[PDB]
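Only one chain is included here, represented as structure tokens and corresponding to the form deposited in one PDB entry.
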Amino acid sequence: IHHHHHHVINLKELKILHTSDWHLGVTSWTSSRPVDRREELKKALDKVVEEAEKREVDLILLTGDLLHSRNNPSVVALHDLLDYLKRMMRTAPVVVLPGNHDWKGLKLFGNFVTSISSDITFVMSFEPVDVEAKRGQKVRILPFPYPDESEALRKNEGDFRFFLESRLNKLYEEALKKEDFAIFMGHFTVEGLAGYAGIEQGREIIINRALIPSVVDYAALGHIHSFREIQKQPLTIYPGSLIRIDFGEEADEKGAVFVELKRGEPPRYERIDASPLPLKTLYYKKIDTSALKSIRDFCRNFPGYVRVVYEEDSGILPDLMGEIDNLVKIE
């Protein structure tokens, strides 16, 4: 019973697990009623890990912000990240495209970890890397990380947009230089999203979906919280977060993406539902006796969190947050 990669001859298939935007260490609604989302997030994370072992994925892709805090993650958040990273590695080889971190030492540690292990790879530049999947599949990764060299901080609108296109063009040329499979990994915002509102904000890199290399077998994206099927040629998917961060994601479906690739057959995928706690926003003109009736009746049998939005004040409001544990925000 070994624990290394297999080597099947003439194998032309590739099962991929794509999850993104874990936001580990997040505490929601700190200005109204602080709620630690760790237990819910870990539960959702466990379900994704189990599904990876269930379907026996060949490669695991990680994008978006795995940590909620960009430049100051808690010890607990870091612990959970390293925990689930190891859990992923026991299942299949992992490829990680980090988001915004603002720490220079991270690239050093990223290259170090990548060098000492054959089951995890950190792409923190535009340099394409070749990786080996669980069953010995040759997979070329075309990474498009967040633009560095202070180009995001300061750059002319003409050159910067031409800079992004030039980088994408080189990724296209190098995608043709592939052995078996070629996967695109990007950390940006697709031009004209319908209708993910509330990002970032934050700095945004706007890229047309047509500029993404068409010769790749799969385009793995992140940074946005909602699931999005951008296109089919090539298959471009935002997995979305695993939990509902704020009430803007009330009607969102959270989870991961399972992608299967064949040499002759076109790409197919299934959504892996994480089934996180639901959210709900109740609207009222004034919080009258009728409004209090509706609020208490709804929050009674609701397994998730509730926000109440009203227009104008009308007398002293009862301690609703006291009698109702579900109510996290009356704004």
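Definition used throughout: the rigid core is the maximal C-alpha set that superposes within 1.5 Å between two forms. The first residue of the shown sequence is 1; numbering continues from there. Residues that one form lacks are left out of the comparison.
Keep in mind the form deposited in another entry is missing from the figure; the text below concerns it.
- Annotation: the position in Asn72, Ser115, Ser150, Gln233 displaced by at least 2 Å at CA between this form and the one not shown, with the core superposed, corresponds to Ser150.
- In this overlay on the rigid core, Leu211 has a C-alpha that sits less than 2 Å away from its partner position between this form and the one not shown.
- With the core superposed, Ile199 shows a C-alpha displacement of at least 2 Å between this form and the one not shown.
- In the other entry, the CA atoms of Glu173 and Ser150 draw together by 3 angstroms or more relative to this form.
- Regions where at least three consecutive shared residues each shift by 2 Å or more at the C-alpha between this form and the one not shown, after core superposition, span 150 to 154, 199 to 203, 311 to 316, 321 to 323.
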